[PDB]
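upload04.cif (mmCIF, C-alpha atoms and all ligand atoms) appears below.
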data_query
#
loop_
_atom_site.group_PDB
_atom_site.id
_atom_site.type_symbol
_atom_site.label_atom_id
_atom_site.label_comp_id
_atom_site.auth_asym_id
_atom_site.auth_seq_id
_atom_site.Cartn_x
_atom_site.Cartn_y
_atom_site.Cartn_z
ATOM 1 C CA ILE A 1 -1.739 5.591 -9.879
ATOM 2 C CA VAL A 2 -1.908 8.890 -11.792
ATOM 3 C CA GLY A 3 0.939 9.801 -14.080
ATOM 4 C CA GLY A 4 2.730 6.487 -13.696
ATOM 5 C CA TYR A 5 3.661 3.713 -16.073
ATOM 6 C CA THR A 6 2.918 0.061 -16.682
ATOM 7 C CA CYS A 7 5.229 -1.803 -14.326
ATOM 8 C CA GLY A 8 5.539 -4.978 -16.360
ATOM 9 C CA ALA A 9 4.124 -8.328 -15.367
ATOM 10 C CA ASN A 10 5.345 -9.540 -12.027
ATOM 11 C CA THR A 11 8.058 -6.899 -11.693
ATOM 12 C CA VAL A 12 6.680 -5.918 -8.265
ATOM 13 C CA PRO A 13 6.424 -9.432 -6.862
ATOM 14 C CA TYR A 14 5.431 -8.303 -3.357
ATOM 15 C CA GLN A 15 2.374 -6.384 -4.582
ATOM 16 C CA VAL A 16 -0.937 -7.991 -3.763
ATOM 17 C CA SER A 17 -4.534 -7.165 -4.676
ATOM 18 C CA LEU A 18 -7.160 -7.432 -1.970
ATOM 19 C CA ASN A 19 -10.362 -8.704 -3.612
ATOM 20 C CA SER A 20 -13.950 -8.902 -2.409
ATOM 21 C CA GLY A 21 -15.475 -9.741 -5.752
ATOM 22 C CA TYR A 22 -13.562 -6.785 -7.116
ATOM 23 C CA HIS A 23 -10.182 -5.179 -6.463
ATOM 24 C CA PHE A 24 -10.520 -2.775 -3.548
ATOM 25 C CA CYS A 25 -7.053 -2.182 -2.062
ATOM 26 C CA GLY A 26 -3.420 -3.114 -2.381
ATOM 27 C CA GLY A 27 -1.050 -4.726 0.062
ATOM 28 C CA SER A 28 2.495 -5.991 0.416
ATOM 29 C CA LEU A 29 3.639 -9.566 1.079
ATOM 30 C CA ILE A 30 6.120 -9.579 3.980
ATOM 31 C CA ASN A 31 6.503 -13.356 4.450
ATOM 32 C CA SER A 32 4.790 -16.424 3.058
ATOM 33 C CA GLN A 33 1.814 -16.026 5.419
ATOM 34 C CA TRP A 34 1.404 -12.302 6.078
ATOM 35 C CA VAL A 35 0.480 -9.152 4.162
ATOM 36 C CA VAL A 36 0.720 -5.521 5.291
ATOM 37 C CA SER A 37 -2.043 -3.158 4.152
ATOM 38 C CA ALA A 38 -3.952 -0.102 5.390
ATOM 39 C CA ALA A 39 -6.370 -0.276 8.344
ATOM 40 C CA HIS A 40 -8.908 1.675 6.249
ATOM 41 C CA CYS A 41 -8.997 -1.327 3.868
ATOM 42 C CA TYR A 42 -10.411 -3.647 6.570
ATOM 43 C CA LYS A 43 -13.542 -5.595 5.735
ATOM 44 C CA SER A 44 -14.886 -9.108 5.969
ATOM 45 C CA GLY A 45 -14.411 -11.518 3.098
ATOM 46 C CA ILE A 46 -10.956 -10.619 1.872
ATOM 47 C CA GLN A 47 -9.247 -12.780 -0.709
ATOM 48 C CA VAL A 48 -5.581 -11.993 -1.258
ATOM 49 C CA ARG A 49 -4.486 -12.216 -4.876
ATOM 50 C CA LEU A 50 -0.762 -12.732 -5.356
ATOM 51 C CA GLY A 51 1.213 -12.898 -8.617
ATOM 52 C CA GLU A 52 -1.252 -10.593 -10.382
ATOM 53 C CA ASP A 53 -0.704 -8.382 -13.328
ATOM 54 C CA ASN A 54 -3.971 -8.084 -15.235
ATOM 55 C CA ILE A 55 -6.490 -8.263 -12.407
ATOM 56 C CA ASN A 56 -9.333 -9.003 -14.869
ATOM 57 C CA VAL A 57 -7.738 -12.005 -16.634
ATOM 58 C CA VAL A 58 -6.315 -15.295 -15.326
ATOM 59 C CA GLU A 59 -2.851 -15.237 -16.953
ATOM 60 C CA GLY A 60 -0.725 -17.658 -15.003
ATOM 61 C CA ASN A 61 1.283 -17.100 -11.852
ATOM 62 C CA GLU A 62 -1.668 -16.101 -9.718
ATOM 63 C CA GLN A 63 -2.308 -17.442 -6.212
ATOM 64 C CA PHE A 64 -5.652 -16.656 -4.594
ATOM 65 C CA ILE A 65 -5.634 -17.176 -0.830
ATOM 66 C CA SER A 66 -8.347 -16.236 1.655
ATOM 67 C CA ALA A 67 -7.452 -14.028 4.594
ATOM 68 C CA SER A 68 -7.696 -15.993 7.822
ATOM 69 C CA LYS A 69 -6.964 -13.025 10.123
ATOM 70 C CA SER A 70 -7.263 -9.266 9.492
ATOM 71 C CA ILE A 71 -5.685 -7.286 12.316
ATOM 72 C CA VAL A 72 -6.187 -3.518 12.309
ATOM 73 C CA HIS A 73 -3.822 -1.564 14.487
ATOM 74 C CA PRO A 74 -5.615 -1.067 17.810
ATOM 75 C CA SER A 75 -4.920 2.645 17.742
ATOM 76 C CA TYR A 76 -6.219 3.221 14.201
ATOM 77 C CA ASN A 77 -8.378 6.351 14.057
ATOM 78 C CA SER A 78 -10.816 6.313 11.154
ATOM 79 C CA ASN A 79 -11.211 10.088 11.164
ATOM 80 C CA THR A 80 -7.555 11.139 11.172
ATOM 81 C CA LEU A 81 -6.131 7.986 9.599
ATOM 82 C CA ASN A 82 -3.452 7.850 12.295
ATOM 83 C CA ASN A 83 -2.067 4.313 12.581
ATOM 84 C CA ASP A 84 -3.428 3.349 9.142
ATOM 85 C CA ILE A 85 -1.906 -0.143 9.096
ATOM 86 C CA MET A 86 -3.330 -3.688 9.083
ATOM 87 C CA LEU A 87 -1.869 -7.151 9.014
ATOM 88 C CA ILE A 88 -3.516 -9.952 7.070
ATOM 89 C CA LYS A 89 -2.682 -13.565 7.711
ATOM 90 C CA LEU A 90 -3.181 -15.930 4.836
ATOM 91 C CA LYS A 91 -5.206 -19.103 5.376
ATOM 92 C CA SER A 92 -2.356 -21.079 3.793
ATOM 93 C CA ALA A 93 1.212 -20.080 2.982
ATOM 94 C CA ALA A 94 1.889 -18.585 -0.393
ATOM 95 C CA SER A 95 4.335 -20.452 -2.590
ATOM 96 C CA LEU A 96 7.235 -18.099 -2.996
ATOM 97 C CA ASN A 97 8.968 -17.814 -6.357
ATOM 98 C CA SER A 98 10.358 -15.092 -8.590
ATOM 99 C CA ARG A 99 6.895 -13.669 -9.265
ATOM 100 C CA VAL A 100 5.588 -13.980 -5.660
ATOM 101 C CA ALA A 101 8.101 -12.652 -3.198
ATOM 102 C CA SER A 102 8.264 -10.868 0.108
ATOM 103 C CA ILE A 103 9.510 -7.371 0.702
ATOM 104 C CA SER A 104 11.812 -6.547 3.576
ATOM 105 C CA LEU A 105 10.689 -4.292 6.431
ATOM 106 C CA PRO A 106 12.808 -1.236 7.299
ATOM 107 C CA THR A 107 15.556 -1.344 9.827
ATOM 108 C CA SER A 108 15.501 2.546 9.977
ATOM 109 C CA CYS A 109 13.299 5.282 8.657
ATOM 110 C CA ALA A 110 13.914 6.845 5.271
ATOM 111 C CA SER A 111 15.065 10.414 4.801
ATOM 112 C CA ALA A 112 13.532 13.325 2.726
ATOM 113 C CA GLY A 113 14.530 12.966 -0.896
ATOM 114 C CA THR A 114 14.721 9.207 -0.911
ATOM 115 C CA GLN A 115 13.238 7.869 -4.158
ATOM 116 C CA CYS A 116 10.633 5.157 -3.832
ATOM 117 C CA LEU A 117 8.441 2.937 -5.994
ATOM 118 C CA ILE A 118 4.682 3.205 -5.418
ATOM 119 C CA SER A 119 2.390 0.768 -7.198
ATOM 120 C CA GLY A 120 -1.238 -0.232 -7.583
ATOM 121 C CA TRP A 121 -4.353 -0.834 -9.596
ATOM 122 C CA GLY A 122 -6.082 2.368 -8.505
ATOM 123 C CA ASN A 123 -7.565 5.220 -10.478
ATOM 124 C CA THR A 124 -5.293 6.665 -13.183
ATOM 125 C CA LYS A 125 -7.125 10.016 -13.533
ATOM 126 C CA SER A 126 -6.821 13.154 -11.354
ATOM 127 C CA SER A 127 -10.326 14.143 -12.479
ATOM 128 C CA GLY A 128 -12.923 11.460 -13.102
ATOM 129 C CA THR A 129 -12.139 7.757 -13.120
ATOM 130 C CA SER A 130 -10.308 5.101 -15.074
ATOM 131 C CA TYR A 131 -9.215 1.815 -13.505
ATOM 132 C CA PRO A 132 -6.386 -0.087 -15.235
ATOM 133 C CA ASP A 133 -6.223 -3.755 -16.005
ATOM 134 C CA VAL A 134 -2.509 -4.017 -15.337
ATOM 135 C CA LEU A 135 -0.351 -2.886 -12.465
ATOM 136 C CA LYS A 136 0.916 0.666 -12.561
ATOM 137 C CA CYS A 137 4.043 2.084 -11.018
ATOM 138 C CA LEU A 138 5.344 5.545 -10.015
ATOM 139 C CA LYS A 139 8.740 6.651 -8.869
ATOM 140 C CA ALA A 140 8.338 9.355 -6.193
ATOM 141 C CA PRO A 141 10.452 11.018 -3.547
ATOM 142 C CA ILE A 142 9.748 11.346 0.148
ATOM 143 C CA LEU A 143 9.104 14.980 1.000
ATOM 144 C CA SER A 144 10.460 16.954 3.928
ATOM 145 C CA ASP A 145 8.358 16.990 7.074
ATOM 146 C CA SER A 146 8.065 20.802 6.750
ATOM 147 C CA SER A 147 6.709 20.572 3.238
ATOM 148 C CA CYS A 148 4.315 17.815 4.277
ATOM 149 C CA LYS A 149 2.956 19.860 7.198
ATOM 150 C CA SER A 150 2.660 22.968 5.028
ATOM 151 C CA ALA A 151 0.560 21.036 2.574
ATOM 152 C CA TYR A 152 -1.584 19.416 5.332
ATOM 153 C CA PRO A 153 -1.568 21.682 8.385
ATOM 154 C CA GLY A 154 -2.878 20.011 11.521
ATOM 155 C CA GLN A 155 -3.274 16.629 9.779
ATOM 156 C CA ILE A 156 0.173 14.973 9.672
ATOM 157 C CA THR A 157 1.085 12.816 12.620
ATOM 158 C CA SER A 158 4.416 11.232 13.480
ATOM 159 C CA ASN A 159 3.074 8.091 11.795
ATOM 160 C CA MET A 160 2.724 9.693 8.383
ATOM 161 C CA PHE A 161 4.886 11.055 5.622
ATOM 162 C CA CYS A 162 4.317 12.735 2.304
ATOM 163 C CA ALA A 163 5.706 11.517 -1.014
ATOM 164 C CA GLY A 164 5.283 12.653 -4.561
ATOM 165 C CA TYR A 165 5.132 15.903 -6.462
ATOM 166 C CA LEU A 166 3.866 19.368 -5.608
ATOM 167 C CA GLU A 167 3.469 20.359 -9.267
ATOM 168 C CA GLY A 168 0.625 17.966 -9.850
ATOM 169 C CA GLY A 169 0.088 15.091 -12.233
ATOM 170 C CA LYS A 170 1.782 12.208 -10.387
ATOM 171 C CA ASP A 171 0.343 10.433 -7.318
ATOM 172 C CA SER A 172 -1.342 7.389 -5.835
ATOM 173 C CA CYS A 173 -5.117 7.421 -5.933
ATOM 174 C CA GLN A 174 -8.290 5.630 -4.842
ATOM 175 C CA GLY A 175 -7.785 1.886 -5.259
ATOM 176 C CA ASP A 176 -4.084 2.142 -4.387
ATOM 177 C CA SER A 177 -4.742 2.326 -0.687
ATOM 178 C CA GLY A 178 -2.923 -0.316 1.317
ATOM 179 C CA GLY A 179 -0.245 -0.806 -1.288
ATOM 180 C CA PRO A 180 3.465 -0.372 -1.094
ATOM 181 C CA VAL A 181 5.941 2.450 -0.989
ATOM 182 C CA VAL A 182 9.319 0.727 -1.364
ATOM 183 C CA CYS A 183 12.593 2.616 -1.032
ATOM 184 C CA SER A 184 15.990 0.945 -1.401
ATOM 185 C CA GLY A 185 14.342 -2.417 -1.107
ATOM 186 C CA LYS A 186 12.435 -1.707 2.132
ATOM 187 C CA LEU A 187 8.695 -1.207 2.641
ATOM 188 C CA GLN A 188 8.757 2.303 4.101
ATOM 189 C CA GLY A 189 5.142 3.361 3.350
ATOM 190 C CA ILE A 190 1.585 2.255 2.886
ATOM 191 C CA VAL A 191 -0.764 4.194 0.535
ATOM 192 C CA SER A 192 -3.059 5.998 2.943
ATOM 193 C CA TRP A 193 -4.762 9.285 2.007
ATOM 194 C CA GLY A 194 -4.489 12.724 0.435
ATOM 195 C CA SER A 195 -6.475 15.678 -0.725
ATOM 196 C CA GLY A 196 -7.782 14.353 -4.112
ATOM 197 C CA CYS A 197 -5.080 12.801 -6.278
ATOM 198 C CA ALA A 198 -2.296 14.410 -8.253
ATOM 199 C CA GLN A 199 -3.443 17.904 -7.356
ATOM 200 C CA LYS A 200 -1.040 20.798 -7.149
ATOM 201 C CA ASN A 201 0.372 21.324 -3.645
ATOM 202 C CA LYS A 202 -1.348 18.191 -2.285
ATOM 203 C CA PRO A 203 1.076 15.252 -2.288
ATOM 204 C CA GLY A 204 0.148 11.779 -1.206
ATOM 205 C CA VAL A 205 0.216 10.839 2.450
ATOM 206 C CA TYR A 206 1.568 7.435 3.530
ATOM 207 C CA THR A 207 1.714 5.401 6.701
ATOM 208 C CA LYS A 208 5.253 5.472 8.128
ATOM 209 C CA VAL A 209 6.070 1.767 8.319
ATOM 210 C CA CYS A 210 9.373 2.145 10.167
ATOM 211 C CA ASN A 211 7.385 3.134 13.273
ATOM 212 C CA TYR A 212 5.567 -0.242 13.248
ATOM 213 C CA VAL A 213 8.331 -2.761 12.694
ATOM 214 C CA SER A 214 8.291 -3.938 16.338
ATOM 215 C CA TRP A 215 4.478 -3.980 16.394
ATOM 216 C CA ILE A 216 4.407 -6.072 13.206
ATOM 217 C CA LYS A 217 6.956 -8.523 14.555
ATOM 218 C CA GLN A 218 5.201 -8.943 17.928
ATOM 219 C CA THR A 219 1.800 -9.300 16.220
ATOM 220 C CA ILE A 220 2.964 -11.969 13.862
ATOM 221 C CA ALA A 221 4.760 -13.854 16.647
ATOM 222 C CA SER A 222 1.571 -13.952 18.716
ATOM 223 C CA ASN A 223 -0.740 -15.028 15.863
ATOM 224 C CA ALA B 1 -8.838 14.926 2.176
ATOM 225 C CA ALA B 2 -9.964 11.374 1.629
ATOM 226 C CA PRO B 3 -8.615 7.818 2.043
ATOM 227 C CA UNK B 4 -7.068 6.164 -1.032
HETATM 228 CA CA CA A 301 -4.711 -11.999 -13.436
#
Could you express the structure from this file as structure tokens?
Amino acid sequence: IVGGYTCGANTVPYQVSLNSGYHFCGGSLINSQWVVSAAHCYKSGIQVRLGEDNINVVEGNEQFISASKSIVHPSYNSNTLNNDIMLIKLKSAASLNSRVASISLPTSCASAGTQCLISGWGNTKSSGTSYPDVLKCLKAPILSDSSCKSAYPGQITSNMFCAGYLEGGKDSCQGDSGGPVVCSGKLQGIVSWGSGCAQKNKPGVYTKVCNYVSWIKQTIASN
Amino acid sequence: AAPX
């Protein structure tokens, strides 16, 4: 997260870190056994880390649970990032509490101008690299589809939206991928891609979760 | 453009 702020320990209780010996992506807890992340985050050997704040120090409240299933959307395209969504089933159920909590899925899509909370442990610099210990947060609005397509001509599908700031300085970044965009208490987006981070005229692009609510439900019910 |  570039141009954000320290969230505060456990103030985003649905945020998870996906770890393979290091933090590599975010995700969102949607029930005690399932996490939503980005398809581009798929790999073998995922450990889901819940209840995290400082990802480099064991502080209390953490639950580390291996992924038992990682299900990329069948129509995920690794070149366009269309359908950039994955479900992870936990090997055992997380213990839910005030610091480890699910986030609701949308019942309808969000409109342009809706303010959302985007969070992660990704890079905090628009040029070069700095990875934070603690979770960072950014409040950002959903942009109009016209503005999104103007910024990314030929690259925005019906399964994407833009959020953030055209003036530069505030965005998600590498290491935030897979993490949440929450708006009025619903998980409306997944950190997906963009042209650099926090660059002028190049807002973040996010997977449009409202298009996948039925797919998520059917996939969980069958697994 | 790159994944995040
Ligand atoms: Ca920790």
Next item on the list: Please identify all polymer residues within 7 Å of range 114-123 of chain A, counting only C-alpha atoms, omitting same-chain residues fewer than 5 positions from it, and present them as an NGL selection string.
Entry: :A and (1-2 or 26 or 129-132 or 134-142 or 173-176 or 179-183)
Next item on the list: Dump the neighbourhood of ligand CA 301 (chain A) as a PyMOL selection string: all residues within 7 Å, distances computed on all atoms listed in the file.
Entry: chain A and resi 52-59+62
Check: Which is closer to residue 2 in chain B than all the others in A:110, A:81, A:148, A:12, using all atoms listed in the file?
Finding: A:81
Note to self: Should the cut-off be 6 Å, what would the residue list for chain A against chain B look like, counting only C-alpha atoms, as a list in words?
What the structure shows: residues 173, 174, 177, 192, 193, 194 and 195 of chain A
Notebook entry, point to check: Applied to this file, what does the PyMOL selection byres (((chain A and resi 205) around 8) and not hetatm) return in terms of residues, put as a list in words?
Noted result: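 Given this file, the PyMOL selection byres (((chain A and resi 205) around 8) and not hetatm) evaluates to residues 160, 161, 162, 163, 191, 192, 193, 194, 203, 204, 206 and 207 of chain A.
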Hits of the PyMOL selection byres (((chain A and resi 82) around 9) and not hetatm) in this structure, as a compact mmCIF listing (two decimals) with C-alpha atoms, in the frame of the given file:
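Below you can see part17.txt, which holds the result:
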# COMPACT_ATOMS: atom_id res chain seq x y z
CA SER A 75 -4.92 2.64 17.74
CA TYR A 76 -6.22 3.22 14.20
CA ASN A 77 -8.38 6.35 14.06
CA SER A 78 -10.82 6.31 11.15
CA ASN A 79 -11.21 10.09 11.16
CA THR A 80 -7.56 11.14 11.17
CA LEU A 81 -6.13 7.99 9.60
CA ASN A 83 -2.07 4.31 12.58
CA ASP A 84 -3.43 3.35 9.14
CA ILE A 85 -1.91 -0.14 9.10
CA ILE A 156 0.17 14.97 9.67
CA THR A 157 1.08 12.82 12.62
CA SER A 158 4.42 11.23 13.48
CA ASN A 159 3.07 8.09 11.80
CA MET A 160 2.72 9.69 8.38
CA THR A 207 1.71 5.40 6.70
Checklist line | Length of the CA of residue 98 in chain A to CA of residue 13 in chain A vector [Å] | finding: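 Interatomic distance here is 7.1 Å.
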Margin query: For a test of reading the model, state the distance in Å between CA of residue 198 in chain A and CA of residue 22 in chain A, rounded to one decimal.
Written below: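 Pair CA of residue 198 in chain A / CA of residue 22 in chain A returns 24.0 Å.
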Check: What does the distance between CA of residue 107 in chain A and CA of residue 69 in chain A come to in Å, to one decimal place?
Finding: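 One can read the CA of residue 107 in chain A to CA of residue 69 in chain A distance as 25.4 Å.
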As an mmCIF file with C-alpha atoms, keeping the file's coordinate frame, please: the residues near residue 50 in chain A (cut-off 10 Å, all atoms listed in the file, same-chain neighbours under 5 positions excluded).
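Below is the file part.cif, written as the result:
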data_model
loop_
_atom_site.group_PDB
_atom_site.id
_atom_site.type_symbol
_atom_site.label_atom_id
_atom_site.label_comp_id
_atom_site.auth_asym_id
_atom_site.auth_seq_id
_atom_site.Cartn_x
_atom_site.Cartn_y
_atom_site.Cartn_z
ATOM 1 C CA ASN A 10 5.345 -9.540 -12.027
ATOM 2 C CA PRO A 13 6.424 -9.432 -6.862
ATOM 3 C CA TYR A 14 5.431 -8.303 -3.357
ATOM 4 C CA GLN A 15 2.374 -6.384 -4.582
ATOM 5 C CA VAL A 16 -0.937 -7.991 -3.763
ATOM 6 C CA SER A 17 -4.534 -7.165 -4.676
ATOM 7 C CA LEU A 18 -7.160 -7.432 -1.970
ATOM 8 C CA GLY A 27 -1.050 -4.726 0.062
ATOM 9 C CA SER A 28 2.495 -5.991 0.416
ATOM 10 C CA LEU A 29 3.639 -9.566 1.079
ATOM 11 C CA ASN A 61 1.283 -17.100 -11.852
ATOM 12 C CA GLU A 62 -1.668 -16.101 -9.718
ATOM 13 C CA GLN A 63 -2.308 -17.442 -6.212
ATOM 14 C CA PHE A 64 -5.652 -16.656 -4.594
ATOM 15 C CA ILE A 65 -5.634 -17.176 -0.830
ATOM 16 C CA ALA A 94 1.889 -18.585 -0.393
ATOM 17 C CA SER A 95 4.335 -20.452 -2.590
ATOM 18 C CA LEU A 96 7.235 -18.099 -2.996
ATOM 19 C CA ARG A 99 6.895 -13.669 -9.265
ATOM 20 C CA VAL A 100 5.588 -13.980 -5.660
ATOM 21 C CA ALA A 101 8.101 -12.652 -3.198
#
Next item on the list: To verify the selection step, state as number ranges by chain which residues the PyMOL selection byres (((chain A and resi 71) around 6) and not hetatm) yields on this input.
Entry: A: 70, 72, 86-87
Take every atom of range 61-66 of chain A listed in the file, fit an axis-aligned box around them, add 4 Å per side, and give the centre and edge lengths in Å to one decimal as JSON.
{"center_x": -3.5, "center_y": -16.8, "center_z": -5.1, "size_x": 17.6, "size_y": 9.3, "size_z": 21.5}
